[PDB]
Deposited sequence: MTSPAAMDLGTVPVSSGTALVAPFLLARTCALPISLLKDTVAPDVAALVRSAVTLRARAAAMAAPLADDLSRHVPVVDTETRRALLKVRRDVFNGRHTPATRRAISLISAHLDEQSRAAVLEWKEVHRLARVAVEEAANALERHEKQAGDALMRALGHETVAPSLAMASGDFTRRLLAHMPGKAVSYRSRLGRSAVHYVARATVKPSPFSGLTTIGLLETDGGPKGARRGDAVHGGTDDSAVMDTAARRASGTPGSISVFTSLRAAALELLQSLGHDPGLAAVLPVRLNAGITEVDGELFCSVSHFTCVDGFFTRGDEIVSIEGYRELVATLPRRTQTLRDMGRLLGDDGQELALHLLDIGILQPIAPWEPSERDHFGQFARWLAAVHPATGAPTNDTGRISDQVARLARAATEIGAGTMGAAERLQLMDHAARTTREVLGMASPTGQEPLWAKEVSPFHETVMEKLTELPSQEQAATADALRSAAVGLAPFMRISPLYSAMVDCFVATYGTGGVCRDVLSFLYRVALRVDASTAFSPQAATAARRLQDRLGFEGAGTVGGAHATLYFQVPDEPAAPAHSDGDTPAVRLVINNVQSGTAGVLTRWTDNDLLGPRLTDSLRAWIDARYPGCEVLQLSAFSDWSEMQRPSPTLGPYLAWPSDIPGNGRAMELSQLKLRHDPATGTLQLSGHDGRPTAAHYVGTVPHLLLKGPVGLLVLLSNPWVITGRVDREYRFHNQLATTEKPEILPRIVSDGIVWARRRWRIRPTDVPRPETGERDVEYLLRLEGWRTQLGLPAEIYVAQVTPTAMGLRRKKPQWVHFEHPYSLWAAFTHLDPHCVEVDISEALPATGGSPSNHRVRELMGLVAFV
């Protein structure tokens, strides 16, 4: 794939949504910038400059030394030419210099004295550098710890790293923390996340709304509530009251019965669900015996006859029966709903309700008011333990899942009211986003898999045909359209052909091509206007989770609903998501409009539209598939999940593609491609900034091997290591402020880890980034910090912005 920003643009325009979301670091930059050591840096620079000036004086001097003379004077001359090569100056060197300096021409005597004066000067800069470094180590590590103690930040850390928070609360102010210690390396990482690197996973940012005091929004873990809900049927107490229903994901393809079987999983705290389309033809007679409306598990077992209870439980375990969850898809307090339901319907049956009630009380408490780091850490530890206990207890396997041992029981988002922008700055930012959108338009293509779905639909239902079981068709595409035919060159040709016909504005169910831009603007050749951090096709789903609160929720609800409706003119837009039965990060919004439930999802409490109430029709005029609801109402399914929809596999992702078939074909920020291959290039890869009209699509980057990075030798002086870092970074050409990303291999190619802030006048960030490289790291990807922070005022808080653009 090509690099974004590399195609010149001579046509096109774009609309910009009239609002921005801002993710602002919790602390001002000064809390990090005050821990720079500019005195250590200046001394190091001096020592490097002086040591290099003497190295350069060596060759002209060792020739001037010979440029004969008497013996002993000759013997001393050799010793001086000896030590001149080795950059030495021991007392036995200084005496030899005194032996000869009398017998030296004017030129060479001045050379020998200038060489010894520069050496001495370097020897003093180093020791003064080491003294300053020693003083900085007594002060800067403790300051970093104090910064993280601020009440703006410490309770967020208690959510994020429970174990580092213990270290923080157990730290006496003034007690030195070395840049060599693990605590010092961790401190500069958290302070950087709180001051210069806004990011969604740190918890050290706020979310606010801008046009063109602060609250906490909390969510409990949906997977823990769903896991417990699935277990309930295995207790005979609860099976008499647990409502269950026949899986709506059951339907026929070519007369054979199929089911989407859910594989609920957790990989490194990331909750997703794999969908496996599986034949259940043998269960047909059983499925036909069960009614389609909700009943208790116990009631279902009565309907089934001999061994009916055992059999109903088997159907529940494999998902042909599914429990009804006592919460709605948008719920943020799962165990509060779960405890309310348990109370309304009344051994292990009782202990389970008590654990649920304990979980429900932690949710009420954490949302009740401010808590210090210590209270927060105690509620979190307690909720996590209760969670582990009730899952193991209700499990028929006796054990709790592995992910329960290391996943937080709550998650927090901080919303903040922001000072609006001056109207001039609003206009200037909208113009830059418009320029960015014009430069992104050439990489917006219709996905070839969309054209393959149209062919499958026409092959199945005919031109202008109508499908009345949309689920059955989505299963058919997942069962019968493989990768080689979905991304064949015919597919791509058809997709390019469809785009020429359709245009960017889409048609009906097919919304207009749009994108979410994540970017930063300088505070402080054309000037930098805007720096791109990420780009996504469509409206980022995380925006819908921010509609559900008192601070910015109502204003964002109205702006977001207007923006999304404008993308599907003449359609009723339904909210659609992927596995929100498992992940609260995938939940729809309560305020934005009707929700379309995916049939294979475990169902919940509120009202949703059903996919079975919709039809799909081939529209020959436009070459699209059109979704329609009641009486043919034109319908769009707008994706609101946080997971990027192009990572979705299976029929869910195919339905999402029907309303957003638009994909971005350019590389974002020189990302590493998925193929497992061995690159060539050369040892130092220096990649220029990619920038057009002030839009910085790609930062300057430096790609090197781990062995190219100076690592401390055993018994090396600290100050000597800084001299190596300074000489290395200047030969490579690094600016004062950079980000360092370790690249490690995956099965799906090379992958950047999270970037580490480095300042070359900041000993803590240098040690934290360059001394303990991951053994699996095979490449170090360094980028310029941009916008740099050195030029910004001290009290300012760094933020990343989110904008929305629509192409025309």
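Asker: Which segments of the deposited sequence lack C-alpha coordinates in the modelled structure, numbering from residue 1?
Answerer: Residues missing from the model, as numbered along the full deposited sequence, span 1-5, 73-75, 221-254, 389-395, 574-583.
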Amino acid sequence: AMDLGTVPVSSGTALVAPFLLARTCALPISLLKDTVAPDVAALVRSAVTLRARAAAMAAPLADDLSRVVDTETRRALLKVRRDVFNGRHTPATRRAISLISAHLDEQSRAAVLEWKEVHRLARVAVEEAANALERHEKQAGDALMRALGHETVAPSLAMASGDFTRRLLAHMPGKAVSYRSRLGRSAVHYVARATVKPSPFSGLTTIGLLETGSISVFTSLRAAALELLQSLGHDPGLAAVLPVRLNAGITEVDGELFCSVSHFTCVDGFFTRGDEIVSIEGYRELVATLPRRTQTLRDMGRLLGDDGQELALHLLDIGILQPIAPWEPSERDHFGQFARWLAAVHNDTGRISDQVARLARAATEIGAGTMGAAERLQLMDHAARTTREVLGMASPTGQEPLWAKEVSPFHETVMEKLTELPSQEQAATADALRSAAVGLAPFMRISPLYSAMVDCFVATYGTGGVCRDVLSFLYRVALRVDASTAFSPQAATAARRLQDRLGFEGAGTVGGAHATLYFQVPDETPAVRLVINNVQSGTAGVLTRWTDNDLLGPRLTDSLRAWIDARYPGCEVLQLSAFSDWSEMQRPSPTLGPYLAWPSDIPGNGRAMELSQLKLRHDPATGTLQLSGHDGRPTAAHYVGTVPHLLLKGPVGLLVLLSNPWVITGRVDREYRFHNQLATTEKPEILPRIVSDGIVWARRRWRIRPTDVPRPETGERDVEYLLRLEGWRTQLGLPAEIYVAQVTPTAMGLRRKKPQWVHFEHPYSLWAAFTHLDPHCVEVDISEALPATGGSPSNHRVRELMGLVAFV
From here on, numbers count along this sequence of modelled residues.
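Asker: On mean Cα temperature factor in this entry, is 328-336 or 120-128 the higher one?
Answerer: The deposited B-factors put 120-128 ahead on the C-alpha mean.
Asker: On average, which has the higher Cα B-factor in the deposited entry, 110-118 or 282-290?
Answerer: The deposited B-factors put 110-118 ahead on the C-alpha mean.
Asker: I'd like to know which of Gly733, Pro588, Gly174, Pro198 has the highest C-alpha temperature factor in the PDB entry.
Answerer: Result of the comparison over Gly733, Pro588, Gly174, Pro198: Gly174.
Asker: From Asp693, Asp354, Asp469, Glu726, which pick has the Cα B-factor that tops the rest in the entry?
Answerer: That would be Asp354, according to the entry.
Asker: Comparing against every modelled residue in the chain, figure out the third that the C-alpha B-factor of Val663 lands in (lowest, middle or highest).
Answerer: Ranked within chain, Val663 CA B lands in the lowest tercile.
Asker: Going by the recorded CA B-factors, say which third of the chain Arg797 sits in, lowest, middle or highest.
Answerer: Middle third - that is where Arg797 ends up once the chain's C-alpha B-factors are sorted.
Asker: According to the PDB entry, is the CA B factor of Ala1 in the bottom, middle or top third of its chain, that is, lowest, middle or highest?
Answerer: Within its chain, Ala1 is a highest-third residue by C-alpha B-factor, going by the deposited values.
Asker: Sorting the chain's CA B-factors, does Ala785 end up in the lowest, middle or highest third?
Answerer: Bottom third by C-alpha B-factor.
Asker: Going by what the PDB entry lists, where does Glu406 fall on CA B-factor within its chain: lowest, middle or highest third?
Answerer: According to the entry, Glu406 has a C-alpha B-factor in the chain's highest third.
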